[PDB]
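Quick notes on the structure that follows.
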Amino acid sequence: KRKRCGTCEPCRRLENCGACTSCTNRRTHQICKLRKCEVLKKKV
DNA sequence: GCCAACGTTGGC
DNA sequence: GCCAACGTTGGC
Ligand SMILES: [Zn+2]
Ligand SMILES: [Zn+2]
């Protein structure tokens with residue numbers, strides 16, 4: 001697993017949105033879509 | 001042991 | 001080609 005960059009706009013966000021697939025569907029095991037690190041959205 | 005969330009992949 | 005679902009790690 002890679003680590004989030006910590007400094008992109010999504011990484012800086014503190015709150016989960018509550019409304020995306022991640023936030024409403026905890027079965028996904030994903031971070032809030034608005035918080036997903038821009039670096040991690042690119043495949044290795 | 002809990003909890004958050006990354007990597008993979010099957011289903012579309 | 002995308003992404004929801006699952007298995008898994010890794011910080012604590
Ligand atoms: Zn969200
Ligand atoms: Zn980031």
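Chain identifiers are assigned as A, B, and so on, following the order in which chains appear in the structure tokens; residues are numbered from 1 within each chain, and ligands are numbered from 1 in order of appearance.
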
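Selecting all polymer residues at most 10 Å from ligand 1, using only C-alpha atoms (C1' of nucleotides) and all ligand atoms, gives residues 15, 16, 17, 18, 19, 20, 21, 22, 23, 24, 25, 30, 31, 32, 33, 34, 35 and 36 of chain A.
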
Those residues you just picked out, can you put them in a file as a PDB file, in the first residue's frame with C-alpha atoms?
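Wrote it out as selection-v7.pdb, contents follow:
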```
ATOM      1  CA  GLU A  15     -14.427  16.115   7.068  1.00  0.00           C
ATOM      2  CA  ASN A  16     -16.120  13.220   5.254  1.00  0.00           C
ATOM      3  CA  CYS A  17     -18.827  14.553   2.892  1.00  0.00           C
ATOM      4  CA  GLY A  18     -21.547  12.089   4.030  1.00  0.00           C
ATOM      5  CA  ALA A  19     -23.117  11.731   0.519  1.00  0.00           C
ATOM      6  CA  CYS A  20     -20.712   9.841  -1.831  1.00  0.00           C
ATOM      7  CA  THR A  21     -20.549   6.098  -2.331  1.00  0.00           C
ATOM      8  CA  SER A  22     -17.753   5.864   0.153  1.00  0.00           C
ATOM      9  CA  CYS A  23     -19.495   7.790   2.844  1.00  0.00           C
ATOM     10  CA  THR A  24     -22.882   6.104   2.378  1.00  0.00           C
ATOM     11  CA  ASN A  25     -21.752   2.639   1.483  1.00  0.00           C
ATOM     12  CA  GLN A  30     -13.089   3.575   0.704  1.00  0.00           C
ATOM     13  CA  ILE A  31     -12.145   7.038   1.770  1.00  0.00           C
ATOM     14  CA  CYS A  32     -14.631   9.848   1.101  1.00  0.00           C
ATOM     15  CA  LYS A  33     -14.429  10.641  -2.679  1.00  0.00           C
ATOM     16  CA  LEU A  34     -13.660  14.307  -1.916  1.00  0.00           C
ATOM     17  CA  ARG A  35     -10.766  13.255   0.352  1.00  0.00           C
ATOM     18  CA  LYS A  36      -9.074  10.706  -1.994  1.00  0.00           C
TER      19      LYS A  36
END
```

Open item on the list: Could you list the protein, DNA and RNA residues that have any atom within 6 Å of ligand 2, counting only C-alpha atoms (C1' of nucleotides) and all ligand atoms, and write them as number ranges by chain?
Closed with: A: 4-8, 11, 37-39

Each chain C residue no farther than 10 Å from chain A, nearest pair in Å, only C-alpha atoms (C1' of nucleotides), as a tab-separated table:
```
residue	atom	partner	partner_atom	distance
C:3	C1'	A:28	CA	9.9
C:4	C1'	A:28	CA	6.2
C:5	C1'	A:28	CA	5.9
C:6	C1'	A:28	CA	8.1
C:8	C1'	A:1	CA	9.6
C:9	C1'	A:1	CA	7.1
C:10	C1'	A:1	CA	8.7
```

Output file for the residues above (N, CA and C atoms (P, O5', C5', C4', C3', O3' and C1' of nucleotides), as a PDB file, in the first residue's frame):
```pdb
ATOM      1  P    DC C   3     -15.871   5.777 -12.425  1.00  0.00           P
ATOM      2  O5'  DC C   3     -16.237   4.588 -11.444  1.00  0.00           O
ATOM      3  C5'  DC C   3     -17.505   3.897 -11.514  1.00  0.00           C
ATOM      4  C4'  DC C   3     -17.509   2.764 -10.512  1.00  0.00           C
ATOM      5  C3'  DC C   3     -16.914   3.131  -9.149  1.00  0.00           C
ATOM      6  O3'  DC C   3     -17.559   2.414  -8.099  1.00  0.00           O
ATOM      7  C1'  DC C   3     -15.785   1.295  -9.994  1.00  0.00           C
ATOM      8  P    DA C   4     -18.769   3.101  -7.294  1.00  0.00           P
ATOM      9  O5'  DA C   4     -19.537   1.865  -6.640  1.00  0.00           O
ATOM     10  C5'  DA C   4     -20.239   0.942  -7.478  1.00  0.00           C
ATOM     11  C4'  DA C   4     -20.191  -0.462  -6.919  1.00  0.00           C
ATOM     12  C3'  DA C   4     -20.326  -0.582  -5.410  1.00  0.00           C
ATOM     13  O3'  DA C   4     -21.087  -1.776  -5.218  1.00  0.00           O
ATOM     14  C1'  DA C   4     -18.174  -1.353  -6.078  1.00  0.00           C
ATOM     15  P    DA C   5     -21.363  -2.319  -3.765  1.00  0.00           P
ATOM     16  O5'  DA C   5     -20.255  -3.449  -3.586  1.00  0.00           O
ATOM     17  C5'  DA C   5     -20.360  -4.659  -4.345  1.00  0.00           C
ATOM     18  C4'  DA C   5     -19.225  -5.584  -3.981  1.00  0.00           C
ATOM     19  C3'  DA C   5     -19.123  -5.876  -2.481  1.00  0.00           C
ATOM     20  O3'  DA C   5     -19.220  -7.294  -2.297  1.00  0.00           O
ATOM     21  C1'  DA C   5     -17.011  -5.165  -3.344  1.00  0.00           C
ATOM     22  P    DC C   6     -19.076  -7.902  -0.847  1.00  0.00           P
ATOM     23  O5'  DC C   6     -17.522  -8.248  -0.741  1.00  0.00           O
ATOM     24  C5'  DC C   6     -16.925  -9.180  -1.647  1.00  0.00           C
ATOM     25  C4'  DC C   6     -15.427  -9.156  -1.466  1.00  0.00           C
ATOM     26  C3'  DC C   6     -14.932  -9.529  -0.066  1.00  0.00           C
ATOM     27  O3'  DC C   6     -14.146 -10.683  -0.280  1.00  0.00           O
ATOM     28  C1'  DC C   6     -13.751  -7.681  -0.964  1.00  0.00           C
ATOM     29  P    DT C   8      -7.027 -12.184   2.342  1.00  0.00           P
ATOM     30  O5'  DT C   8      -6.264 -10.816   2.636  1.00  0.00           O
ATOM     31  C5'  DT C   8      -5.475 -10.167   1.638  1.00  0.00           C
ATOM     32  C4'  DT C   8      -5.058  -8.797   2.121  1.00  0.00           C
ATOM     33  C3'  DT C   8      -4.359  -8.770   3.476  1.00  0.00           C
ATOM     34  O3'  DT C   8      -2.947  -8.732   3.361  1.00  0.00           O
ATOM     35  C1'  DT C   8      -5.823  -6.892   3.131  1.00  0.00           C
ATOM     36  P    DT C   9      -2.044  -8.664   4.688  1.00  0.00           P
ATOM     37  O5'  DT C   9      -1.687  -7.120   4.771  1.00  0.00           O
ATOM     38  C5'  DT C   9      -1.062  -6.481   3.654  1.00  0.00           C
ATOM     39  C4'  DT C   9      -1.168  -4.980   3.772  1.00  0.00           C
ATOM     40  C3'  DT C   9      -0.203  -4.356   4.774  1.00  0.00           C
ATOM     41  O3'  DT C   9       0.206  -3.068   4.260  1.00  0.00           O
ATOM     42  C1'  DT C   9      -2.394  -3.852   5.418  1.00  0.00           C
ATOM     43  P    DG C  10       1.627  -2.467   4.643  1.00  0.00           P
ATOM     44  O5'  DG C  10       1.336  -1.507   5.850  1.00  0.00           O
ATOM     45  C5'  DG C  10       0.924  -0.196   5.595  1.00  0.00           C
ATOM     46  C4'  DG C  10       0.463   0.379   6.894  1.00  0.00           C
ATOM     47  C3'  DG C  10       1.471   0.205   8.024  1.00  0.00           C
ATOM     48  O3'  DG C  10       1.342   1.342   8.835  1.00  0.00           O
ATOM     49  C1'  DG C  10      -0.558  -0.578   8.673  1.00  0.00           C
TER      50       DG C  10
END
```

Open item on the list: When DSSP is applied to the backbone of this structure, which of chain A are assigned alpha helix (DSSP H)? Write them out as a PyMOL selection string.
Closed with: chain A and resi 9-12+21-24

Open item on the list: So the first atom is atom CA of residue A:41 and the second is atom CA of residue A:3; what is the distance between them in Å, to one decimal place?
Closed with: 11.6 Å

TODO: Using atom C1' of residue B:11 and atom CA of residue A:42 as the two end points, give the distance in Å to one decimal.
DONE: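 Calculated distance between atom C1' of residue B:11 and atom CA of residue A:42 is 22.1 Å.
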